[PDB]
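These notes concern the structure reproduced below.
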2 protein chains.
Amino acid sequence: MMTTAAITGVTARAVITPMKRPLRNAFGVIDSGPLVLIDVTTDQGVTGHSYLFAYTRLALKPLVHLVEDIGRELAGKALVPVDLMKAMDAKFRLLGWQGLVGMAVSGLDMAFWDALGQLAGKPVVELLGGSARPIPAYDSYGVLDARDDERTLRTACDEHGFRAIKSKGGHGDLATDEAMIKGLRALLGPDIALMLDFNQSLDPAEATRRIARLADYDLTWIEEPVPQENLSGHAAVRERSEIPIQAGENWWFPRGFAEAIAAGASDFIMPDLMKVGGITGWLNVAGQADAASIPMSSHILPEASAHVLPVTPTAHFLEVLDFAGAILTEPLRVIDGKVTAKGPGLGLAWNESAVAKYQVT
Amino acid sequence: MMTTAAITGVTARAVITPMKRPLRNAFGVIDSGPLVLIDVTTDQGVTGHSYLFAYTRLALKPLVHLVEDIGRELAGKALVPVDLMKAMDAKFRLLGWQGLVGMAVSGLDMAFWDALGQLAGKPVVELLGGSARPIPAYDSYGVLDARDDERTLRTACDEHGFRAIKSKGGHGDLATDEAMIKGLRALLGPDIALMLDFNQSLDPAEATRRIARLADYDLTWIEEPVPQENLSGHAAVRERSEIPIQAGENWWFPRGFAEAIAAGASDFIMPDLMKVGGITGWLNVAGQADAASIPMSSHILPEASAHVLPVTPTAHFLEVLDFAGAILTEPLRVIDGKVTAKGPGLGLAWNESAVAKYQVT
Ligand SMILES: O=C(O)[C@@H](O)c1ccccc1
Ligand SMILES: O=C(O)[C@@H](O)c1ccccc1
Ligand SMILES: [Mg+2]
Ligand SMILES: [Mg+2]
């Protein structure tokens, strides 16, 4: 009530952390996750937190540069996430905010909202006018094998209570995809939802061919069958597909979603908070998905996702893949295959000795 | 014939150069142009050259990082621009190549083609199976005023022989746009083509309103009336517009053009070699534009553009705006309002003392 807090500075650092569980692709395991950690100091005793997953270390320095540079021009500015977005939008209209820039802007938006929650002793979800209801979740893996992996899967379903599993495919031929899926369904029975993520690996005609073959296995969705930019190719797959098509982890801001929806690219979407424009963009897209009747899930950043899904009219699944555990004070918790938001703000605090250990520069 | 050259290293540096002529926007003049200069050393006594215009210094370091990092993984690799593109494509499929990354990849592609021309003593246009025919050009300004600017305009048309001028608008109200355009047409007579660039400043309904008012002035095109990502809004303007709609300077790679064309966003396109994916992407888009019967122009990078326009089936205009003069050995030449390609390769050589003077780090 007294006055709106204001930004006094912004800091970001790189870390390469160990994964709680290495996930293995066709070539090899990934056991390292490169992140960027963002702090937005305010004039009211609160520093806002957020992280980005950066995919490859090659992106660490640029992202740190961009976050810090953008943050600097913001010092002195009132902490109003809507007005700040509009400012960052005007600022990159010509250079363009798709890509690394876009991640910097979304990261900052998350940090902003996080500060606002802290400053109120509330979780963001309550700022957003909803509550931290538990959200059905699914557990995300690389290339699963039924024999070689029965162990970890039993755990996910029985202890953590996961009622849905995602695996990857596409790397090889149709035979491998099918065997992998035949195994999984046999092993897990009919009551577990199985999702298959092709990670953009196919072209539209090949996607159509594989999907027809996999339809007998009761899949919940096929994810990014073709390159993410190829919206017309997604729509073409979607049109012929007996299985719901999921995509969206790689699209940029509300406009990026508007054009994908206009093209009818997918049955389901799963925006990444890093790429859709933070909490502020997410909410915009939530309204679009409501109008288009499209079930909306999240792509990673499970901690913050849990704050927006409860106010997403078409909320679907929260993806669980944990990259930020080892550097958080309070890793993510799944209870009976659901995640519940944690306050205050986004519930993101750094385990500083953890950070110091893993920091790269 | 003996063996295909191979990459041995890649270097990039930042410079902020003075413009041959400061161009003034509504707020103020821009007299500084931030660039990144790219060298790709080969094992055959040739280093490939290319530059990027980086819009804002804030992008200088990230771009240098990205070019050098990407280049490093390429050392040892045979200098085959098609195979190299496909490699950089696989490498960023998940992180995404829109944005800064995309500029790094296009820059590298230009450098590659430049080396290939040098290594043959030829201009790239001849590598591409065409010839360095002169290309009609137009001269690009900021917010012009007829009284206050008659002087520089007389020069452009009379000495350099420019038969086409572009100015900016949108910053203010319709009244200002109209007066500015009424002045220009009165001053330059009916034989000079006038283009108006709104630089994404309007929304679709406002764009429609202004364009209807400006139609009496015989404009050649209206450029980016609305945000570049808003393809559906462009199509909506285009549908109602009596004046050709031009756009494309901000779209990403061939797929980005494919979706814009699929959406019917514009009557004309003008890809930026930095954003369309270098020479290799350009050529792809050239074929798309041919099929869609869309006149294709270039956005800046006038030196390299002059090498691809002669093999672009729907070649239209080459945009002249000079940023790289002060650091080139051979600035750009316009003769009788046309530009002709200069070899060998892309005809890009550094004036090294010039560079040393302007380099930023
Ligand atoms: O859907 C998903 O999570 C995958 O596409 C994915 C993307 C990026 C990192 C890990 C996994
Ligand atoms: O069409 C154009 O050249 C303008 O949009 C423009 C873009 C970027 C820098 C200068 C000018
Ligand atoms: Mg995915
Ligand atoms: Mg323009």
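Values below: every heavy atom of this structure, side chains too, minus hydrogens, waters and symmetry copies. Letters go in sequence order (proteins before strands), and every chain restarts at 1.
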**OP:** Could you look at A/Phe253 and say if it's the side chain, the backbone, both or neither that has a heavy atom under 4.5 Å from chain B?
**Re:**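 Looking at A/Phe253, nothing touches chain B.
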Original post:
Tell me, side chain or backbone of A/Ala258 under 4.5 Å from chain B's heavy atoms, or both, or neither?
Top reply: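 Neither part; nothing is under 4.5 Å.
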**OP:** Among A/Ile70, A/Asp89, A/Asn230, A/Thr56, single out the residue with the greatest number of heavy-atom pairs under 4.5 Å to chain B.
**Re:**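 Among A/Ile70, A/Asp89, A/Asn230, A/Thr56, the one with the most close pairs to chain B is A/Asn230.
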**OP:** Mind ranking A/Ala59, A/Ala90, A/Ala54, A/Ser232 by heavy-atom pairs under 4.5 Å with chain B and telling me who comes out on top?
**Re:**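 Among A/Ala59, A/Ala90, A/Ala54, A/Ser232, the one with the most close pairs to chain B is A/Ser232.
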**OP:** For B/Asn250 and A/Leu94, work out which heavy atoms get closest and say how close.
**Re:**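 Scanning both residues, the minimum pair turns out to be OD1-O, 3.5 Å.
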Original post:
Can you list the steps and then say if B/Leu95 with A/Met103 is a side chain to side chain contact (heavy atoms under 4.5 Å, CB included)?
Top reply: CA-CA 10 Å; B/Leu95 165 63; A/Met103 303 172 72; 4.1 Å; yes
**OP:** Side-chain contact test, heavy atoms from C-beta onward, threshold under 4.5 Å: evaluate it for B/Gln98 versus A/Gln228 and give yes or no.
**Re:**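 B/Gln98 reaches A/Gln228 side chain to side chain.
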Original post:
Do B/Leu58 and A/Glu73 have side chains that get closer than 4.5 Å, going by heavy atoms?
Top reply: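 Yes, side chains in contact.
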**OP:** Let me see the working for B/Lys61 and A/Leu66 under side chain to side chain contact (heavy atoms under 4.5 Å, CB included), right down to the final yes or no.
**Re:** CA-CA 9 Å; B/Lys61 287 184 189 82; A/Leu66 296 170; over 6 Å; no
Subject >> Charged N-O contact under 4.0 Å between B/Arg93 and A/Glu229 >> reply: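 A salt bridge is present here (some side-chain N lies under 4.0 Å from a carboxylate O).
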**OP:** Give a yes or no on this: more than 12 heavy atoms of other residues, nucleotides or ligands lie within 6.0 Å of atom CD of A/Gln359.
**Re:**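 Correct, the count exceeds 12.
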Subject >> A/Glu68: side chain to side chain contact (heavy atoms under 4.5 Å, CB included) partners, not counting sequence neighbours >> reply: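 Checked A/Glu68 against side chain to side chain contact (heavy atoms under 4.5 Å, CB included); matches are A/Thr11, A/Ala12, A/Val64, A/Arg72.
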